[PDB]
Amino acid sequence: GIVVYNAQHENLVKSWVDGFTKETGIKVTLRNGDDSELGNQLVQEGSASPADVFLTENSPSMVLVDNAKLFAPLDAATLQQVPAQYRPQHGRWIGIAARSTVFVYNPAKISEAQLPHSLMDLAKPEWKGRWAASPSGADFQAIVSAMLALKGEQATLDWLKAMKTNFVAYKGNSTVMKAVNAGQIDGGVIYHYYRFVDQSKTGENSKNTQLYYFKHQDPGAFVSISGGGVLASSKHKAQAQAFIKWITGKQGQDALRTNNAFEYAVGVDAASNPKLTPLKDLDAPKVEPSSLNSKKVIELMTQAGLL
């Protein structure tokens, strides 16, 4: 069978494996981990890696592995299952799901009318002590990688230095949401699905929160694309290509619509969970996935004192 380095969620991917194996008989072994962990591990393994497939929550760790020259071209028929805007132009990997940046806020701490117009506005001195984020996570680092691609090094580093003055750090994006929910800060920068996931359980970590979408092609409207790819070293290329085709195809994208992950489908003509605000109404900035640079992001955040 095939070996998948999986930095996407264990439960979502297991439902993909369930349908994929049922229809093809191809068995899948998951090696689960985080974006940056598994990305760096693949670069170190190089062509000696036992992985056939790499899946990520966000794009920068895909770019890391592609920069190392480790991905095989994806089948053209697979690439055509996803629109070009949710896909690197070079076709060596593909988007498999999406997540929207949001400002999660506590209405008892901050009225909707007081929310920042731009993610860049959180650098202003009036925001000191009033917002949070998880800078060690690949989630927030991907958001900063979009700001870097959109705004450039100097403007991004200036924003990061003001964030060091202004923000409150927490370990984990769900932790940020819990802190907002408890009223420790006015709000925080996370991805949209965390609130949906918790509301589908007890809601005890989210009931005092609401989601704000920056829109207007703001850096804060960045839509982060989860990635999938076939390793060039794979000895099971047909099976590996078929797994990517499955997860980006109608049945695989269907799971995104009906499961409890609340992440967006990216497939052509694919409906997303109806509780989500449609991606086409969010007016995300144009951000080429290959332009997202996780190494420079870590350096800038370290220069700012955040890591």
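A residue's number is simply how far along the shown sequence it sits, counting from 1.
K.L.:
Of 94-102 and 210-218, which one has the bigger average CA B-factor?
P.N.:
It is 210-218.
K.L.:
Higher mean Cα B-factor in the deposited model: 140-148 or 103-111?
P.N.:
Here the higher of the two C-alpha B-factor means belongs to 103-111.
K.L.:
Take the CA temperature factors straight from the PDB entry and tell me which of 224, 175, 89, 156 peaks.
P.N.:
In the PDB entry, the greatest C-alpha B-factor among 224, 175, 89, 156 is found at 89.
K.L.:
Using the temperature factors of the C-alpha atoms in this entry, rank residue 184 within its chain: lowest, middle or highest third.
P.N.:
Answer is highest: the recorded C-alpha B-factor places it there.
K.L.:
Looking at the entry's B-factor column for C-alpha atoms only, identify whether residue 37 ranks in the lowest, middle or highest third of its chain.
P.N.:
Its C-alpha B-factor, which the entry lists for residue 37, ranks in the highest third among residues of this chain.
K.L.:
Where does the C-alpha B-factor of residue 192 rank in its chain, lowest, middle or highest third?
P.N.:
For residue 192, whose C-alpha B-factor we compare with every modelled residue in the chain, the answer is the lowest third.
K.L.:
In terms of the chain's CA B-factor thirds, is residue 236 lowest, middle or highest?
P.N.:
For residue 236, the deposited C-alpha B-factor lands in the highest third.
K.L.:
Could you look up the Cα B-factor of residue 261 in the entry and say which third of the chain it sits in: lowest, middle or highest?
P.N.:
Top third by C-alpha B-factor.
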